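Data from final_11.txt: compact mmCIF, C-alpha atoms
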# COMPACT_ATOMS: atom_id res chain seq x y z
CA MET T 1 62.86 -26.64 54.37
CA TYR T 2 64.35 -28.79 57.18
CA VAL T 3 65.49 -27.04 60.36
CA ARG T 4 67.31 -28.25 63.47
CA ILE T 5 68.35 -26.18 66.41
CA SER T 6 70.44 -27.12 69.38
CA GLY T 7 71.43 -24.90 72.29
CA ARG T 8 71.20 -23.81 75.88
CA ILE T 9 68.79 -21.87 78.05
CA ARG T 10 69.18 -20.45 81.54
CA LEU T 11 66.37 -20.93 84.06
CA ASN T 12 65.30 -18.53 86.74
CA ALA T 13 62.84 -18.08 89.57
CA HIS T 14 60.03 -20.43 88.52
CA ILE T 29 56.56 -25.60 83.55
CA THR T 30 56.39 -29.36 84.27
CA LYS T 31 59.51 -30.72 85.89
CA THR T 32 60.27 -34.40 86.28
CA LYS T 33 63.13 -36.69 87.13
CA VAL T 34 65.28 -38.38 84.52
CA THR T 35 68.48 -40.34 84.58
CA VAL T 36 71.29 -39.18 82.38
CA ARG T 37 75.09 -39.48 81.82
CA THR T 38 77.83 -37.45 82.07
CA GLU T 39 81.05 -38.58 80.31
CA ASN T 40 84.30 -38.95 82.34
CA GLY T 41 83.69 -42.58 83.01
CA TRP T 42 80.04 -43.56 82.91
CA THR T 43 78.03 -42.29 85.81
CA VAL T 44 74.21 -42.41 85.56
CA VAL T 45 72.76 -39.48 87.52
CA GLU T 46 69.11 -38.73 88.21
CA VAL T 47 68.42 -35.10 87.42
CA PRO T 48 65.45 -32.81 87.06
CA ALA T 49 64.21 -32.28 83.48
CA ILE T 50 61.54 -30.50 81.48
CA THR T 51 59.52 -32.30 78.82
CA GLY T 52 59.96 -31.10 75.26
CA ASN T 53 56.22 -30.59 75.14
CA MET T 54 56.70 -27.29 76.85
CA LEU T 55 58.51 -25.92 73.79
CA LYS T 56 56.14 -27.76 71.43
CA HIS T 57 53.12 -26.21 73.12
CA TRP T 58 54.54 -22.70 72.70
CA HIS T 59 55.50 -23.34 69.13
CA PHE T 60 51.90 -24.44 68.63
CA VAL T 61 50.43 -21.18 70.13
CA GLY T 62 52.60 -19.01 67.88
CA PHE T 63 51.89 -21.14 64.85
CA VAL T 64 48.19 -20.57 65.40
CA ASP T 65 48.80 -16.85 66.14
CA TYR T 66 50.83 -16.40 62.92
CA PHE T 67 48.78 -18.70 60.71
CA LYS T 68 45.49 -17.04 61.80
CA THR T 69 46.44 -13.83 60.11
CA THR T 70 47.17 -15.29 56.69
CA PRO T 71 44.53 -15.65 53.93
CA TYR T 72 44.43 -19.31 54.97
CA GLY T 73 43.95 -18.84 58.72
CA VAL T 74 40.53 -20.50 58.46
CA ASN T 75 42.13 -23.88 57.82
CA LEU T 76 42.51 -24.63 61.54
CA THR T 77 40.56 -26.70 64.00
CA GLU T 78 38.24 -24.60 66.11
CA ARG T 79 40.11 -26.00 69.13
CA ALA T 80 43.42 -24.52 67.90
CA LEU T 81 41.86 -21.05 68.03
CA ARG T 82 41.57 -21.41 71.82
CA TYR T 83 44.97 -23.12 71.80
CA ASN T 84 43.31 -26.42 72.77
CA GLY T 85 45.49 -29.22 71.37
CA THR T 86 43.16 -32.26 71.66
CA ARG T 87 43.76 -33.64 68.15
CA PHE T 88 41.95 -35.92 68.55
CA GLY T 89 39.88 -37.69 71.18
CA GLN T 90 40.20 -41.49 71.34
CA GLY T 91 36.78 -42.00 69.87
CA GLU T 92 36.45 -39.00 67.59
CA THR T 93 35.52 -39.45 63.97
CA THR T 94 35.09 -35.77 63.10
CA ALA T 95 36.52 -32.35 63.84
CA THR T 96 35.04 -28.85 63.69
CA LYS T 97 36.90 -26.37 61.45
CA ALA T 98 37.30 -22.74 62.57
CA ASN T 99 34.46 -22.23 60.03
CA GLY T 100 32.02 -24.33 61.92
CA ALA T 101 32.39 -26.87 59.10
CA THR T 102 32.78 -30.55 59.91
CA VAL T 103 35.81 -32.49 58.74
CA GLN T 104 35.88 -36.29 58.58
CA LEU T 105 38.87 -37.87 60.32
CA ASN T 106 39.00 -40.65 57.69
CA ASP T 107 41.85 -39.72 55.52
CA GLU T 108 45.08 -38.01 56.37
CA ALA T 109 44.98 -36.06 53.03
CA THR T 110 41.60 -34.53 53.88
CA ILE T 111 42.49 -33.88 57.50
CA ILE T 112 45.74 -32.08 56.72
CA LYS T 113 44.23 -30.21 53.74
CA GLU T 114 41.58 -28.69 55.98
CA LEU T 115 43.43 -28.41 59.29
CA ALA T 116 46.90 -26.83 59.33
CA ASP T 117 47.43 -27.52 63.08
CA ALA T 118 47.06 -31.29 62.27
CA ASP T 119 49.39 -30.88 59.33
CA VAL T 120 52.16 -29.03 61.22
CA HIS T 121 51.71 -30.42 64.73
CA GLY T 122 50.45 -33.91 63.82
CA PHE T 123 47.37 -35.70 65.13
CA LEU T 124 46.08 -38.96 66.47
CA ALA T 125 42.77 -40.46 65.44
CA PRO T 126 42.71 -44.00 66.86
CA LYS T 127 39.01 -44.51 66.16
CA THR T 128 39.73 -44.19 62.40
CA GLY T 129 43.30 -45.63 62.62
CA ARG T 130 44.83 -42.38 61.35
CA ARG T 131 48.05 -40.91 62.71
CA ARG T 132 50.50 -38.19 61.70
CA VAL T 133 53.75 -37.62 63.52
CA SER T 134 54.31 -33.92 64.39
CA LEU T 135 56.65 -32.04 62.05
CA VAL T 136 57.71 -30.02 65.11
CA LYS T 137 59.80 -32.07 67.62
CA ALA T 138 61.54 -31.17 70.83
CA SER T 139 63.67 -33.36 73.03
CA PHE T 140 63.74 -33.23 76.78
CA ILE T 141 65.31 -30.11 78.16
CA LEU T 142 68.11 -31.25 80.48
CA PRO T 143 70.57 -29.73 82.81
CA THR T 144 73.90 -29.62 81.01
CA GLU T 145 76.54 -32.43 81.42
CA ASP T 146 78.93 -29.69 82.47
CA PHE T 147 76.37 -27.97 84.82
CA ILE T 148 75.88 -31.28 86.51
CA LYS T 149 79.54 -32.12 87.60
CA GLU T 150 79.73 -28.57 88.98
CA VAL T 151 77.26 -30.29 91.41
CA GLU T 152 79.63 -31.92 92.70
CA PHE T 185 71.30 -29.96 95.08
CA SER T 186 68.11 -28.49 93.71
CA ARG T 187 68.84 -24.89 94.46
CA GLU T 188 71.15 -24.59 91.55
CA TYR T 189 69.04 -26.68 89.27
CA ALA T 190 66.11 -24.34 89.85
CA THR T 191 68.08 -21.67 88.18
CA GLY T 192 70.78 -23.25 86.06
CA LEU T 193 71.88 -24.19 82.64
CA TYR T 194 69.74 -26.46 80.49
CA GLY T 195 70.37 -27.98 77.06
CA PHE T 196 67.69 -28.29 74.38
CA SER T 197 67.12 -29.56 70.84
CA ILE T 198 64.36 -28.87 68.33
CA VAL T 199 63.59 -30.34 64.88
CA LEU T 200 61.38 -28.85 62.14
CA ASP T 201 60.60 -31.19 59.23
CA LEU T 202 58.82 -28.58 57.17
CA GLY T 203 59.40 -30.30 53.85
CA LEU T 204 56.46 -32.57 54.74
CA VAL T 205 53.93 -29.77 55.07
CA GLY T 206 50.88 -30.55 52.92
CA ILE T 207 52.04 -34.10 52.35
CA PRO T 208 50.53 -37.20 54.05
CA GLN T 209 53.11 -39.43 55.72
CA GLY T 210 51.18 -42.63 54.88
CA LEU T 211 51.01 -41.67 51.19
CA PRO T 212 53.92 -39.36 50.39
CA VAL T 213 53.84 -40.24 46.65
CA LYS T 214 51.08 -41.06 44.09
CA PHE T 215 51.57 -42.77 40.69
CA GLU T 216 50.83 -42.98 36.95
CA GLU T 217 51.98 -43.29 34.31
CA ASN T 218 53.93 -45.63 36.53
CA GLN T 219 55.57 -42.29 37.43
CA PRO T 220 55.91 -41.14 41.11
CA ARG T 221 54.91 -37.60 42.04
CA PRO T 222 55.07 -35.93 45.37
CA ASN T 223 51.53 -36.10 46.91
CA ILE T 224 50.94 -32.45 47.90
CA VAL T 225 47.34 -31.69 48.78
CA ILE T 226 47.33 -27.94 49.36
CA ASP T 227 48.23 -25.30 46.73
CA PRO T 228 51.73 -23.86 46.70
CA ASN T 229 50.80 -20.56 48.49
CA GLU T 230 49.06 -22.19 51.48
CA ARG T 231 52.03 -24.48 51.72
CA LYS T 232 54.21 -21.39 51.91
CA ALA T 233 52.02 -19.63 54.49
CA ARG T 234 52.14 -22.74 56.68
CA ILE T 235 55.94 -23.00 56.46
CA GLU T 236 56.53 -19.30 57.26
CA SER T 237 54.16 -19.56 60.17
CA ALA T 238 55.97 -22.64 61.42
CA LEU T 239 59.28 -20.68 61.24
CA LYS T 240 58.02 -17.41 62.77
CA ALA T 241 56.49 -19.49 65.55
CA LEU T 242 60.07 -20.15 66.62
CA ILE T 243 60.21 -16.66 68.17
CA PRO T 244 57.59 -17.30 70.82
CA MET T 245 58.68 -20.97 71.13
CA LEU T 246 62.03 -19.57 72.37
CA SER T 247 61.16 -16.24 74.01
CA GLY T 248 60.27 -17.12 77.59
CA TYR T 249 56.73 -16.01 78.60
CA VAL T 260 61.90 -19.68 82.79
CA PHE T 261 63.98 -18.84 79.93
CA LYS T 262 66.70 -16.95 78.50
CA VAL T 263 68.28 -18.43 75.37
CA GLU T 264 72.00 -18.27 76.02
CA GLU T 265 73.38 -19.94 72.89
CA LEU T 266 72.40 -22.01 69.91
CA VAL T 267 73.35 -23.63 66.63
CA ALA T 268 70.79 -23.88 63.83
CA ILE T 269 70.93 -25.57 60.38
CA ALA T 270 69.02 -25.75 57.06
CA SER T 271 67.54 -28.42 54.85
CA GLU T 272 66.87 -30.12 52.61
CA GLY T 273 66.43 -33.64 53.69
CA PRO T 274 66.96 -35.04 57.13
CA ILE T 275 70.43 -33.62 56.58
CA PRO T 276 72.21 -34.65 59.57
CA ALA T 277 70.88 -34.51 63.05
CA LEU T 278 72.49 -32.25 65.69
CA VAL T 279 74.04 -33.18 69.03
CA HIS T 280 71.85 -32.12 71.95
CA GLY T 281 72.93 -28.97 73.84
CA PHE T 282 73.12 -31.13 76.95
CA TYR T 283 76.58 -32.46 75.96
CA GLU T 284 79.54 -30.43 77.21
CA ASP T 285 80.77 -31.37 73.82
CA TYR T 286 77.92 -30.34 71.65
CA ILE T 287 79.41 -27.32 69.83
CA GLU T 288 82.54 -29.16 68.79
CA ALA T 289 80.40 -32.22 67.96
CA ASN T 290 78.22 -30.14 65.74
CA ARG T 291 81.21 -28.66 64.04
CA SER T 292 82.38 -32.12 63.02
CA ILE T 293 78.95 -33.30 61.87
CA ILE T 294 78.56 -30.21 59.77
CA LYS T 295 81.94 -30.19 58.05
CA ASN T 296 81.59 -33.94 57.34
CA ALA T 297 78.07 -33.56 55.95
CA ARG T 298 79.28 -30.68 53.81
CA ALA T 299 82.26 -32.79 52.66
CA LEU T 300 79.86 -35.57 51.59
CA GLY T 301 77.85 -33.09 49.45
CA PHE T 302 74.92 -32.04 51.71
CA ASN T 303 73.92 -28.40 51.25
CA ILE T 304 73.52 -26.71 54.61
CA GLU T 305 72.95 -23.18 55.85
CA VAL T 306 74.38 -22.66 59.34
CA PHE T 307 73.55 -19.99 61.89
CA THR T 308 74.95 -19.36 65.29
CA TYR T 309 74.05 -17.37 68.37
CA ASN T 310 76.84 -16.79 70.91
CA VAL T 311 78.81 -19.77 69.71
CA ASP T 312 81.90 -20.12 67.59
CA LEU T 313 81.89 -23.41 65.68
CA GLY T 314 85.11 -22.26 64.23
CA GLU T 315 87.78 -22.45 61.59
CA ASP T 316 86.23 -22.74 59.21
CA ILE T 317 82.64 -23.57 58.79
CA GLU T 318 80.91 -20.98 56.72
CA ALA T 319 78.41 -19.73 59.27
CA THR T 320 76.17 -16.76 60.00
CA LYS T 321 76.23 -15.05 63.38
CA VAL T 322 72.94 -13.63 64.55
CA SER T 323 72.32 -11.28 67.46
CA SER T 324 68.96 -12.85 68.36
CA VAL T 325 66.32 -15.48 67.72
CA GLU T 326 64.34 -12.94 65.74
CA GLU T 327 67.28 -12.50 63.48
CA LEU T 328 67.72 -16.26 63.06
CA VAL T 329 64.05 -16.53 62.24
CA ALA T 330 64.28 -13.60 59.84
CA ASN T 331 67.07 -15.40 58.09
CA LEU T 332 65.14 -18.63 57.85
CA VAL T 333 62.02 -17.10 56.41
CA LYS T 334 64.18 -16.52 53.35
CA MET T 335 62.01 -19.38 52.08
Represent the supplied structure as structure tokens.
Amino acid sequence: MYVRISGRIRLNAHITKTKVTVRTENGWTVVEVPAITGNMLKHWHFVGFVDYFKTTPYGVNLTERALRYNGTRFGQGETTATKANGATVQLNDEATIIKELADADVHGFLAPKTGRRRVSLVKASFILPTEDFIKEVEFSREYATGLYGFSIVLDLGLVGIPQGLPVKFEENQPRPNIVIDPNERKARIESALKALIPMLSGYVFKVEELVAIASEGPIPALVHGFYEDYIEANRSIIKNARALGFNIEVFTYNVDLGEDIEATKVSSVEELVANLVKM
């Protein structure tokens, strides 16, 4: 229900690149390095989510814009949105918006004219050349190909649930405030997991290694693949969180993690995804 993934990609002969400053343990040196916004990966998750959610019985619960992969959700002065239907949806009430529009549910929205906001359930940090790939430099050249760290977070437990009103009451008794039936909820979650395949495919990108983990509450967070450290760091986080009582499925792709985290080696992203869609 809650998924985090950290790992590394290799670039090749080719995407918005910008400059960031970063460190680089072994003393503290701040170094300006090229980087790629997480929105790259979020955009591609969003295309696949649409492509997978389309084909479900619910695929009509999408903004018309999402069907052309247009992610303007919403304009600064917009008060309505057109459903893939052609129906009009008021942007008044997060419950209504997310009930009708699964792209706003899963990928969030902004409606400043009505004062409504939903943080995206799909998050992606900056993609950054590795602490250890820097250091080997001791320069573009190498950065244009090169080894980049990433990190992704999927808070899928909040699908169908407004963030400004997660629970409703009476008789003085809190209930989760879920505004879509259980099957649409499920279709939306599977689609948000299967969308991981094109989010990570390429289509500039080979996935070299990653660590992924389960649910069912913000669990713990992972260390970003940037750190030379990160695999050992994630080992510690995981065996500590397990020791404390958190229940956590772990999956790995070309990484060891070690002796002995109960883990599950996969041979590909597809296989990871396949494992996740376990519901």
Extract, using all atoms listed in the file, all DNA, RNA and protein residues at most 7 Å from region 274-281 of chain T, discarding same-chain residues fewer than 6 positions from it, and format them as a list in words.
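Skipping anything fewer than 6 positions along the chain leaves residues 2, 4, 6, 7, 8, 195, 196, 197, 289, 290, 297 and 302 of chain T.
Using only C-alpha atoms, the protein and nucleic acid residues lying no more than 6 Å from residue 214 (chain T), apart from those fewer than 4 places from it along its own chain, are residues 220, 221 and 223 of chain T.
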Let me have the centre and edge lengths of the axis-aligned box enclosing all listed atoms of region 127-141 of chain T with 8 Å padding on every side, in Å to one decimal, as lines of an AutoDock Vina configuration file.
center_x = 52.2
center_y = -37.8
center_z = 69.8
size_x = 42.3
size_y = 31.6
size_z = 32.8
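CA of residue 87 (chain T) is positioned 16.8 Å from CA of residue 99 (chain T).
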So that I can check the surroundings of residue 241 (chain T), please list as a ChimeraX atom specification every protein, DNA and RNA residue that reaches within 10 Å of it, counting only C-alpha atoms and ignoring chain neighbours fewer than 3 positions away.
/T:58-67,235-238,244-246,329
Can you write out the residues you just picked, keeping C-alpha atoms, as an mmCIF file, in the coordinates of the input?
data_model
loop_
_atom_site.group_PDB
_atom_site.id
_atom_site.type_symbol
_atom_site.label_atom_id
_atom_site.label_comp_id
_atom_site.auth_asym_id
_atom_site.auth_seq_id
_atom_site.Cartn_x
_atom_site.Cartn_y
_atom_site.Cartn_z
ATOM 1 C CA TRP T 58 54.540 -22.700 72.700
ATOM 2 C CA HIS T 59 55.500 -23.340 69.130
ATOM 3 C CA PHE T 60 51.900 -24.440 68.630
ATOM 4 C CA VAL T 61 50.430 -21.180 70.130
ATOM 5 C CA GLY T 62 52.600 -19.010 67.880
ATOM 6 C CA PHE T 63 51.890 -21.140 64.850
ATOM 7 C CA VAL T 64 48.190 -20.570 65.400
ATOM 8 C CA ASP T 65 48.800 -16.850 66.140
ATOM 9 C CA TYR T 66 50.830 -16.400 62.920
ATOM 10 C CA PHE T 67 48.780 -18.700 60.710
ATOM 11 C CA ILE T 235 55.940 -23.000 56.460
ATOM 12 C CA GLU T 236 56.530 -19.300 57.260
ATOM 13 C CA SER T 237 54.160 -19.560 60.170
ATOM 14 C CA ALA T 238 55.970 -22.640 61.420
ATOM 15 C CA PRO T 244 57.590 -17.300 70.820
ATOM 16 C CA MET T 245 58.680 -20.970 71.130
ATOM 17 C CA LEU T 246 62.030 -19.570 72.370
ATOM 18 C CA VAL T 329 64.050 -16.530 62.240
#
Please indicate the distance in Å from CA of residue 109 (chain T) to CA of residue 208 (chain T), rounded to one decimal place.
5.8 Å
Just want the 10 Å neighbourhood of region 32-34 of chain T, counted on only C-alpha atoms, with same-chain residues fewer than 2 positions away dropped. Output as a list in words.
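Final neighbour list, sorted by chain and number: residues 29, 30, 36, 44, 45, 46, 47, 48, 49, 50, 51, 140 and 142 of chain T.
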File of the preceding selection, C-alpha atoms, as a PDB file, in the coordinates of the input:
ATOM      1  CA  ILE T  29      56.560 -25.600  83.550  1.00  0.00           C
ATOM      2  CA  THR T  30      56.390 -29.360  84.270  1.00  0.00           C
ATOM      3  CA  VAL T  36      71.290 -39.180  82.380  1.00  0.00           C
ATOM      4  CA  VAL T  44      74.210 -42.410  85.560  1.00  0.00           C
ATOM      5  CA  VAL T  45      72.760 -39.480  87.520  1.00  0.00           C
ATOM      6  CA  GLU T  46      69.110 -38.730  88.210  1.00  0.00           C
ATOM      7  CA  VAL T  47      68.420 -35.100  87.420  1.00  0.00           C
ATOM      8  CA  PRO T  48      65.450 -32.810  87.060  1.00  0.00           C
ATOM      9  CA  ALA T  49      64.210 -32.280  83.480  1.00  0.00           C
ATOM     10  CA  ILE T  50      61.540 -30.500  81.480  1.00  0.00           C
ATOM     11  CA  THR T  51      59.520 -32.300  78.820  1.00  0.00           C
ATOM     12  CA  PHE T 140      63.740 -33.230  76.780  1.00  0.00           C
ATOM     13  CA  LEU T 142      68.110 -31.250  80.480  1.00  0.00           C
TER      14      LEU T 142
END
Selected residue, from T:314, T:117, T:249, T:202, that lies nearest to residue 54 (chain T) when counting only C-alpha atoms:
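Among the listed residues, the smallest separation from residue 54 (chain T) belongs to T:249.
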Using only C-alpha atoms, determine which residues lie at most 7 Å from residue 268 (chain T), disregarding the query and same-chain residues fewer than 2 positions distant; provide the list as a PDB file with C-alpha atoms, keeping the file's coordinate frame.
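Result file follows (result_8.pdb):
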ATOM      1  CA  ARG T   4      67.310 -28.250  63.470  1.00  0.00           C
ATOM      2  CA  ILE T   5      68.350 -26.180  66.410  1.00  0.00           C
ATOM      3  CA  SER T   6      70.440 -27.120  69.380  1.00  0.00           C
ATOM      4  CA  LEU T 266      72.400 -22.010  69.910  1.00  0.00           C
ATOM      5  CA  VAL T 306      74.380 -22.660  59.340  1.00  0.00           C
ATOM      6  CA  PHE T 307      73.550 -19.990  61.890  1.00  0.00           C
ATOM      7  CA  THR T 308      74.950 -19.360  65.290  1.00  0.00           C
TER       8      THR T 308
END
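Note that CA of residue 122 (chain T) and CA of residue 222 (chain T) are 19.1 Å apart.
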Which is closer to residue 320 (chain T) than all the others in T:270, T:239, T:74, T:200, using all atoms listed in the file?
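Of T:270, T:239, T:74, T:200, the one nearest residue 320 (chain T) is T:270, counting all atoms listed in the file.
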Considering all atoms listed in the file, state which residue in the set T:107, T:217, T:114, T:305 is at the smallest distance from residue 77 (chain T).
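Ranking T:107, T:217, T:114, T:305 by distance to residue 77 (chain T), first place goes to T:114.
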